[PDB]
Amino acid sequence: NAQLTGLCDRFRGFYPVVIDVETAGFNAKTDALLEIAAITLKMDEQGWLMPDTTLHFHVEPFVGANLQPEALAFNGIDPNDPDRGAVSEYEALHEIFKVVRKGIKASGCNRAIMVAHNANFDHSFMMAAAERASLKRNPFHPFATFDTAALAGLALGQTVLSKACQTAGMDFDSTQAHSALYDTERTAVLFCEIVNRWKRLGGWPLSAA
């Protein structure tokens, strides 16, 4: 199983989980968390990294949350759309955390690390919601992240998600952009490509020492 894949050896026992959130503004403490997608990763038989499990939830604004109109205009989210199928922060996070913990156990990792583009944004929103819903045994590292903007800057000399993906030879569709499922999925493929490219070029594994 995943115990025999080496995923747990690649990032010192950290289990990388790709996260994208859509929100009703820039403030994690006061603005509504509206949507979240999560994609766990796995290592294939040759040691290439690739997406494993995808999760996707539309989220009900927490009690008293702010909704900035320009954020809604940006992401195109109407909180009052009947077929959003919104669930509570607790419900969304509980299901994500459950799946992540299972992945961690089956992989022989010890903790999860959020992978996200300008990752402090998604981290701060995810942690605020976890606190709000008083979720227990949160498997994500409380402060460390794998920021794909920084990683893409190193590997591709690009920090903008669309451009980084394009530079890496991936498709990127402006029309699908800025939706949670799509952004998470491109970000996961981009992260996997940067790690895989490092291995291709002989940068990993390391030499004697």
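Note that residue numbering follows the sequence shown and begins at 1. Rigid core: the largest C-alpha set superposing within 1.5 Å between the two forms.
Taking 67-75 and 124-132 in turn, the stretch whose Cα atoms are more displaced from the shown form in 7 other deposited structures of this protein following rigid core superposition is 67-75. Superposing the other copies on the rigid core and comparing 146-154 to 176-184, farther C-alpha placement in 7 other deposited structures of this protein marks 176-184. Comparing 168-176 with 148-156, the stretch with the higher mean C-alpha B-factor in the PDB entry is 168-176. Note on 83-91 vs 121-129: mean CA B-factor is higher in 83-91. When the Cα B-factors of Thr184, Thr30, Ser162, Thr40 are read from the PDB record, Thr30 comes out highest. Remark: of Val99, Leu135, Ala112, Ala116, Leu135 shows the highest value [criterion: C-alpha B-factor in the PDB entry]. Among all modelled residues in its chain, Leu67 ranks in the highest third by Cα B-factor. In the deposited entry, the Cα temperature factor of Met50 places it in the lowest third of its chain's modelled residues. Among the modelled residues of the chain, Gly103 sits in the lowest third by CA temperature factor in this PDB entry.
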